[PDB]
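Peer 1:
2 protein chains.
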Amino acid sequence: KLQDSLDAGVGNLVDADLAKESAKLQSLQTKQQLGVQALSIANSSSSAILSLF
Amino acid sequence: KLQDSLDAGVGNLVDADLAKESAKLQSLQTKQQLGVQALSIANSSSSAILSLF
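Here the protein sequences come in this chain order: A and B. The letter at position 27 of the first sequence is residue 246 when you use full-length UniProt numbering, and the numbering goes up by one with no holes. The letter at position 30 of the second sequence is residue 249 when you use full-length UniProt numbering, and the numbering goes up by one with no holes.
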């Protein structure tokens with residue numbers, strides 16, 4: 220019984236809550252795609268100077 | 220485990236950060252179009268002498 224309670228306590232300390240991690244995974248992937256699009260916009264923004272001459 | 224760690228370290232030493240490279244590609248290409256236009260404006264400048272005489 221003592222070894223069982225000790226394993227359960229170590230698990231309470233280290234083990235992760237996978238549901239919260241799945242939520243942050245989805246939000247972060249969507250944020251990454253938005254960041255790639257924002258980077259493409261930032262590259263495209265320079266082009267307007269080209270036509271001025 | 221040691222093989223994987225050594226490979227990851229060499230990869231840190233040599234791998235490129237591609238997103239900054241795409242941004243450099245865009246800014247550089249725009250710089251070439253503007254520079255070609257500047258070279259054309261430069262070639263234009265000598266024309267006025269034919270009118271002056």
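Think of the CB as a built atom: it goes at the ideal place given N, C-alpha and C, for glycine as much as any other residue.
1) So that I know if they touch, is there some Cβ in chain B lying closer than 7 Å to that of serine 265 of chain A?
2) Determine the chain A residues that contact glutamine 252 of chain B at a beta-carbon separation under 7 Å, and present them in chain order.
3) Can you tell me which of the three DSSP states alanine 235 of chain B falls into?
4) Comparing the C-beta of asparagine 262 of chain A with each C-beta of chain B, is any distance below 7 Å?
5) Quick one: any contact between the segment 237 to 244 of chain A and the segment 223 to 232 of chain B, if contact means 3 or more CB pairs under 8 Å?
6) Please say whether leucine 269 of chain A and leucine 253 of chain B have beta carbons closer to each other than 7 Å?
Peer 2: By the coordinates alone:
1) yes
2) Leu269
3) coil
4) yes
5) no
6) yes
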